[PDB]
Amino acid sequence: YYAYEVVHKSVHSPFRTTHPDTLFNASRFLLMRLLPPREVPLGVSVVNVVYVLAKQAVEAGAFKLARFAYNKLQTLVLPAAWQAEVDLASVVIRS
Amino acid sequence: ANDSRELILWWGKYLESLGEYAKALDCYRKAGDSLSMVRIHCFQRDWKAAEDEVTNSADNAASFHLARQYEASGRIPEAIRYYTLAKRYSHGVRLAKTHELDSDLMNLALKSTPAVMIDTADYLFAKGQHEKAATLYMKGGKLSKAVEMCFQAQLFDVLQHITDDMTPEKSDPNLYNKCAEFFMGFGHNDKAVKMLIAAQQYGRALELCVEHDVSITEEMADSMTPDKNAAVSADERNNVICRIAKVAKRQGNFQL
């Protein structure tokens, strides 16, 4: 709920809460938590979350996870109100 | 969920100011536009906006919305003060470095994160400010050099919070050993003895204490020095230590 709302809602409707120790350990280890069907409310879009989470996994080390997050950088699409433009801007808008 | 905030803004505007200001405050920050309530109520010197602290690991809020709103809408020095009034350890560093207010800079750089700690340290070297740089290198990584620079700027409370990390003798042993080298260079006795005692160098204070032909006290000739007897010669007994005895009689003391 944290990751989805905080980062995906950065453009959709802003609502952010963070834990800096948890977010620093995330900057070392966060990438694999963000699969959809693993104890999740479901119905969640993680476009911003995938992109920012991959960057955070890349940054602070755990050089395995930097490479893993390179493979999982961002490929996601804005919702159907943005469908006429994020058809082309799916990879473009968030790397 | 459709990347939109318009009905939240409309609800905030619907009964914004009818005694239902909490309604608009709710339906603006989620909507992203709480500026209008700053124009209405935080133009009325709502000095703070409920700055916070650790809840789970850390959380915070700020009067910085008020600040940057003022800074964009003209009241830039009001924003700078609001950095103190948002306790901005960053904007009281960075945007109070753009518009320099040291009531916001130093108040938000006395104890600020190393990232901004150095950012006011590197901001403050060229003004001839070793104090500022040392007062900004207390958690900024420069500590032993900051002992050396505090030795230039004669800072010891700033050096106290520098040596908060390392040896908390208000200093490093390099500074105290430099002082020892000076005091032995001067040949002065009492400050040398006291500082070497404070810097845990009683042996260096020993060679200057009892043969100095001065009045010698219980520590000054018994703690480090084995003998309270400064008299080692009978001629010295009858002339120099006799003068020491006459001085200590004139001191009002009866023991020495």
# chains A, B, ... in the order shown; residues from 1 in each chain; ligands from 1

$ select_by_dssp --residues "chain A" --states "helix (DSSP H, G or I)" --output "ChimeraX atom specification"
/A:2-12,20-28,31-34,47-59,63-71,80-86

$ closest_atom_pairs --of "chain B" --to "chain A" --cutoff "8 Å" --atoms "only C-alpha atoms" --output "CSV"
residue,atom,partner,partner_atom,distance
B:1,CA,A:12,CA,6.1
B:2,CA,A:79,CA,6.2
B:3,CA,A:12,CA,3.7
B:4,CA,A:12,CA,5.9
B:5,CA,A:13,CA,6.3
B:30,CA,A:14,CA,5.8
B:31,CA,A:13,CA,6.6
B:32,CA,A:14,CA,7.0
B:56,CA,A:19,CA,6.8
B:57,CA,A:19,CA,4.9
B:58,CA,A:19,CA,5.8
B:59,CA,A:18,CA,7.1

$ write_last_selection --atoms "N, CA and C atoms" --output "mmCIF file, in the first residue's frame"
data_model
loop_
_atom_site.group_PDB
_atom_site.id
_atom_site.type_symbol
_atom_site.label_atom_id
_atom_site.label_comp_id
_atom_site.auth_asym_id
_atom_site.auth_seq_id
_atom_site.Cartn_x
_atom_site.Cartn_y
_atom_site.Cartn_z
ATOM 1 N N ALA B 1 -7.734 8.207 -9.374
ATOM 2 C CA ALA B 1 -7.153 7.068 -10.095
ATOM 3 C C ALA B 1 -7.113 7.270 -11.602
ATOM 4 N N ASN B 2 -7.651 8.369 -12.119
ATOM 5 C CA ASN B 2 -7.516 8.725 -13.523
ATOM 6 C C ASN B 2 -6.581 9.914 -13.700
ATOM 7 N N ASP B 3 -5.613 10.057 -12.783
ATOM 8 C CA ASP B 3 -4.577 11.093 -12.841
ATOM 9 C C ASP B 3 -5.216 12.486 -12.841
ATOM 10 N N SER B 4 -6.041 12.753 -11.827
ATOM 11 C CA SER B 4 -6.893 13.935 -11.819
ATOM 12 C C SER B 4 -7.297 14.276 -10.387
ATOM 13 N N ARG B 5 -7.500 15.575 -10.124
ATOM 14 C CA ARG B 5 -7.775 16.078 -8.770
ATOM 15 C C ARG B 5 -8.853 17.161 -8.774
ATOM 16 N N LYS B 30 -4.543 17.127 -0.636
ATOM 17 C CA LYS B 30 -4.709 15.972 -1.511
ATOM 18 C C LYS B 30 -4.897 16.402 -2.958
ATOM 19 N N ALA B 31 -5.579 17.521 -3.178
ATOM 20 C CA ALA B 31 -5.749 18.080 -4.509
ATOM 21 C C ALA B 31 -4.519 18.833 -4.998
ATOM 22 N N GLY B 32 -3.598 19.184 -4.103
ATOM 23 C CA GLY B 32 -2.354 19.821 -4.478
ATOM 24 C C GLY B 32 -2.351 21.335 -4.480
ATOM 25 N N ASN B 56 6.878 6.455 12.768
ATOM 26 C CA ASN B 56 7.333 5.078 12.627
ATOM 27 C C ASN B 56 8.847 5.016 12.477
ATOM 28 N N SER B 57 9.393 5.706 11.494
ATOM 29 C CA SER B 57 10.829 5.937 11.410
ATOM 30 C C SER B 57 11.171 7.416 11.344
ATOM 31 N N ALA B 58 10.412 8.202 10.574
ATOM 32 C CA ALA B 58 10.433 9.661 10.572
ATOM 33 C C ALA B 58 9.271 10.162 9.730
ATOM 34 N N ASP B 59 8.675 11.272 10.161
ATOM 35 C CA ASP B 59 7.655 11.969 9.390
ATOM 36 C C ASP B 59 7.778 13.456 9.690
#

$ residues_around --residues "residue B:131" --least-positions-apart "2" --cutoff "10 Å" --atoms "only C-alpha atoms" --output "PyMOL selection string"
chain B and resi 121+124-125+128-129+133-137+146+149-155+158-159

$ write_last_selection --atoms "N, CA and C atoms" --output "short mmCIF file (atom, residue, chain, number, x, y, z; two decimals), in the first residue's frame"
data_model
loop_
_atom_site.label_atom_id
_atom_site.label_comp_id
_atom_site.auth_asym_id
_atom_site.auth_seq_id
_atom_site.Cartn_x
_atom_site.Cartn_y
_atom_site.Cartn_z
N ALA B 121 28.58 24.45 5.00
CA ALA B 121 30.04 24.50 5.12
C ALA B 121 30.68 24.96 3.83
N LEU B 124 30.02 28.44 3.19
CA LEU B 124 30.76 29.33 4.07
C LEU B 124 32.19 28.81 4.27
N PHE B 125 33.04 29.08 3.29
CA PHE B 125 34.50 29.13 3.39
C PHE B 125 35.05 30.46 2.93
N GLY B 128 35.87 34.04 4.83
CA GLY B 128 36.79 34.04 5.95
C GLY B 128 36.14 33.49 7.19
N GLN B 129 35.39 32.40 7.03
CA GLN B 129 34.58 31.82 8.10
C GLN B 129 35.05 30.41 8.39
N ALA B 133 32.54 27.27 8.92
CA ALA B 133 32.90 25.99 8.33
C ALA B 133 33.02 24.91 9.39
N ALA B 134 33.58 25.24 10.56
CA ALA B 134 33.65 24.29 11.66
C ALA B 134 32.28 24.07 12.28
N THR B 135 31.48 25.15 12.35
CA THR B 135 30.10 25.03 12.87
C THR B 135 29.25 24.32 11.81
N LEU B 136 29.80 24.12 10.61
CA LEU B 136 29.08 23.37 9.55
C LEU B 136 29.85 22.09 9.23
N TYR B 137 30.90 21.80 10.00
CA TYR B 137 31.64 20.53 9.82
C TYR B 137 31.67 19.82 11.18
N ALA B 146 38.73 19.91 11.43
CA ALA B 146 37.87 20.87 12.09
C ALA B 146 38.32 21.15 13.52
N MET B 149 41.00 23.67 12.52
CA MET B 149 40.42 24.97 12.11
C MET B 149 39.81 25.64 13.34
N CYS B 150 39.21 24.84 14.24
CA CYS B 150 38.68 25.41 15.50
C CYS B 150 39.86 25.97 16.30
N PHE B 151 41.06 25.40 16.11
CA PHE B 151 42.23 25.94 16.78
C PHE B 151 42.64 27.27 16.16
N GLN B 152 42.34 27.45 14.88
CA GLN B 152 42.53 28.76 14.25
C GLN B 152 41.48 29.75 14.73
N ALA B 153 40.22 29.33 14.78
CA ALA B 153 39.11 30.21 15.08
C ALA B 153 38.76 30.25 16.57
N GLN B 154 39.53 29.54 17.41
CA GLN B 154 39.35 29.51 18.87
C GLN B 154 37.94 29.08 19.26
N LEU B 155 37.42 28.08 18.55
CA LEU B 155 36.12 27.51 18.86
C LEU B 155 36.32 26.27 19.72
N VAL B 158 31.73 24.96 19.46
CA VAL B 158 31.65 24.42 18.11
C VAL B 158 32.55 23.20 18.00
N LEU B 159 33.73 23.27 18.60
CA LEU B 159 34.60 22.10 18.64
C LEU B 159 34.04 21.03 19.57
#

$ residues_around --residues "residue B:148" --least-positions-apart "6" --cutoff "9 Å" --atoms "only C-alpha atoms" --output "PyMOL selection string"
chain B and resi 171-172+174-175

$ write_last_selection --atoms "N, CA and C atoms" --output "short mmCIF file (atom, residue, chain, number, x, y, z; two decimals), in the first residue's frame"
data_model
loop_
_atom_site.label_atom_id
_atom_site.label_comp_id
_atom_site.auth_asym_id
_atom_site.auth_seq_id
_atom_site.Cartn_x
_atom_site.Cartn_y
_atom_site.Cartn_z
N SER B 171 38.04 18.86 21.87
CA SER B 171 39.24 18.93 21.06
C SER B 171 39.64 17.56 20.56
N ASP B 172 40.68 17.50 19.76
CA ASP B 172 41.40 16.28 19.49
C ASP B 172 42.71 16.26 20.26
N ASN B 174 45.49 15.98 18.96
CA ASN B 174 46.45 16.77 18.19
C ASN B 174 46.49 18.21 18.69
N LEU B 175 45.32 18.80 18.97
CA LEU B 175 45.27 20.16 19.49
C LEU B 175 45.90 20.25 20.87
#

$ residues_around --residues "residue B:143" --least-positions-apart "3" --cutoff "8 Å" --atoms "only C-alpha atoms" --output "ChimeraX atom specification"
/B:137-140,146-147,162-163,166

$ residues_around --residues "stretch 52-58 of chain A" --least-positions-apart "2" --cutoff "9 Å" --atoms "only C-alpha atoms" --output "PyMOL selection string"
chain A and resi 3+7+23-24+26-31+34+47-50+60-74+94

$ write_last_selection --atoms "C-alpha atoms" --output "PDB file, in the first residue's frame"
ATOM      1  CA  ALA A   3       4.827   1.881  -2.420  1.00  0.00           C
ATOM      2  CA  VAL A   7       4.916   6.737  -5.733  1.00  0.00           C
ATOM      3  CA  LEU A  23      13.644   3.521   2.442  1.00  0.00           C
ATOM      4  CA  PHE A  24      17.438   3.305   2.774  1.00  0.00           C
ATOM      5  CA  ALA A  26      14.956  -0.249   0.112  1.00  0.00           C
ATOM      6  CA  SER A  27      17.651   1.696  -1.744  1.00  0.00           C
ATOM      7  CA  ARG A  28      19.749  -1.403  -1.097  1.00  0.00           C
ATOM      8  CA  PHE A  29      16.893  -3.969  -1.342  1.00  0.00           C
ATOM      9  CA  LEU A  30      13.464  -3.061  -2.772  1.00  0.00           C
ATOM     10  CA  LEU A  31      13.068  -4.351  -6.331  1.00  0.00           C
ATOM     11  CA  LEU A  34       6.580  -5.123  -6.510  1.00  0.00           C
ATOM     12  CA  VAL A  47       4.091   2.852 -13.312  1.00  0.00           C
ATOM     13  CA  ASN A  48       5.820   5.520 -11.238  1.00  0.00           C
ATOM     14  CA  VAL A  49       6.435   2.874  -8.586  1.00  0.00           C
ATOM     15  CA  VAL A  50       8.256   0.522 -10.979  1.00  0.00           C
ATOM     16  CA  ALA A  60      22.616   2.849  -3.164  1.00  0.00           C
ATOM     17  CA  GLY A  61      24.478  -0.371  -4.001  1.00  0.00           C
ATOM     18  CA  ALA A  62      23.811  -4.074  -3.607  1.00  0.00           C
ATOM     19  CA  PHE A  63      25.234  -4.245  -7.109  1.00  0.00           C
ATOM     20  CA  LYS A  64      23.240  -7.392  -7.848  1.00  0.00           C
ATOM     21  CA  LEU A  65      20.057  -5.376  -7.363  1.00  0.00           C
ATOM     22  CA  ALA A  66      21.313  -2.491  -9.496  1.00  0.00           C
ATOM     23  CA  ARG A  67      21.624  -4.892 -12.433  1.00  0.00           C
ATOM     24  CA  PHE A  68      18.294  -6.530 -11.559  1.00  0.00           C
ATOM     25  CA  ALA A  69      16.556  -3.145 -11.528  1.00  0.00           C
ATOM     26  CA  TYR A  70      18.171  -2.347 -14.872  1.00  0.00           C
ATOM     27  CA  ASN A  71      16.240  -5.355 -16.186  1.00  0.00           C
ATOM     28  CA  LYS A  72      13.115  -4.051 -14.400  1.00  0.00           C
ATOM     29  CA  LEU A  73      13.433  -0.319 -15.016  1.00  0.00           C
ATOM     30  CA  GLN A  74       9.983   0.726 -16.324  1.00  0.00           C
ATOM     31  CA  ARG A  94       9.033   7.111 -17.248  1.00  0.00           C
TER      32      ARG A  94
END

$ closest_residue --among "A:91, A:1, A:86, A:59" --to "residue A:40" --atoms "only C-alpha atoms"
A:1

$ atom_distance --atom1 "atom CA of residue B:202" --atom2 "atom CA of residue B:168"
19.3 Å

$ residues_around --residues "residue B:209" --least-positions-apart "3" --cutoff "9 Å" --atoms "only C-alpha atoms" --output "PyMOL selection string"
chain B and resi 189-190+193+205-206+212-214+216+220-221+225

$ atom_distance --atom1 "atom CA of residue B:45" --atom2 "atom CA of residue B:91"
19.3 Å

$ decode --residues "stretch 20-41 of chain A" --atoms "N, CA and C atoms" --output "compact mmCIF listing (two decimals), in the first residue's frame"
# COMPACT_ATOMS: atom_id res chain seq x y z
N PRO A 20 12.55 6.53 6.51
CA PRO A 20 13.89 6.70 5.92
C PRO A 20 14.84 5.54 6.15
N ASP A 21 14.76 4.85 7.29
CA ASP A 21 15.55 3.64 7.46
C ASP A 21 15.06 2.53 6.54
N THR A 22 13.74 2.35 6.48
CA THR A 22 13.15 1.39 5.56
C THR A 22 13.42 1.78 4.11
N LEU A 23 13.38 3.08 3.81
CA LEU A 23 13.64 3.52 2.44
C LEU A 23 15.12 3.41 2.08
N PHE A 24 16.02 3.51 3.06
CA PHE A 24 17.44 3.31 2.77
C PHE A 24 17.74 1.83 2.54
N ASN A 25 17.17 0.95 3.36
CA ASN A 25 17.31 -0.48 3.10
C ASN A 25 16.62 -0.86 1.79
N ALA A 26 15.57 -0.12 1.42
CA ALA A 26 14.96 -0.25 0.11
C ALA A 26 15.92 0.16 -0.99
N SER A 27 16.64 1.26 -0.79
CA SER A 27 17.65 1.70 -1.74
C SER A 27 18.76 0.67 -1.91
N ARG A 28 18.94 -0.21 -0.93
CA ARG A 28 19.75 -1.40 -1.10
C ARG A 28 18.93 -2.61 -1.53
N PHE A 29 17.71 -2.79 -1.02
CA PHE A 29 16.89 -3.97 -1.34
C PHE A 29 15.41 -3.56 -1.38
N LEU A 30 14.90 -3.30 -2.59
CA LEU A 30 13.46 -3.06 -2.77
C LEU A 30 12.83 -3.73 -3.99
N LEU A 31 13.61 -4.18 -4.98
CA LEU A 31 13.07 -4.35 -6.33
C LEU A 31 12.03 -5.47 -6.42
N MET A 32 12.25 -6.59 -5.74
CA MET A 32 11.42 -7.77 -5.97
C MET A 32 10.08 -7.75 -5.26
N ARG A 33 9.81 -6.77 -4.38
CA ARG A 33 8.54 -6.74 -3.67
C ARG A 33 7.36 -6.41 -4.59
N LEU A 34 7.62 -5.80 -5.74
CA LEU A 34 6.58 -5.12 -6.51
C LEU A 34 5.93 -6.03 -7.56
N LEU A 35 5.85 -7.32 -7.31
CA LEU A 35 5.01 -8.11 -8.19
C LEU A 35 3.54 -7.93 -7.80
N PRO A 36 2.62 -8.05 -8.76
CA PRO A 36 1.20 -7.85 -8.45
C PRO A 36 0.61 -8.91 -7.53
N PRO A 37 0.70 -10.24 -7.83
CA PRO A 37 -0.10 -11.18 -7.03
C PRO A 37 0.63 -11.77 -5.83
N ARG A 38 1.16 -10.89 -4.95
CA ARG A 38 1.82 -11.35 -3.72
C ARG A 38 1.32 -10.54 -2.52
N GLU A 39 0.18 -10.95 -1.96
CA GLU A 39 -0.45 -10.31 -0.80
C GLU A 39 -0.59 -8.80 -1.02
N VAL A 40 -1.44 -8.48 -1.99
CA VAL A 40 -1.57 -7.13 -2.51
C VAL A 40 -3.07 -6.82 -2.54
N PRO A 41 -3.49 -5.57 -2.36
CA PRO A 41 -4.91 -5.24 -2.55
C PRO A 41 -5.42 -5.48 -3.97
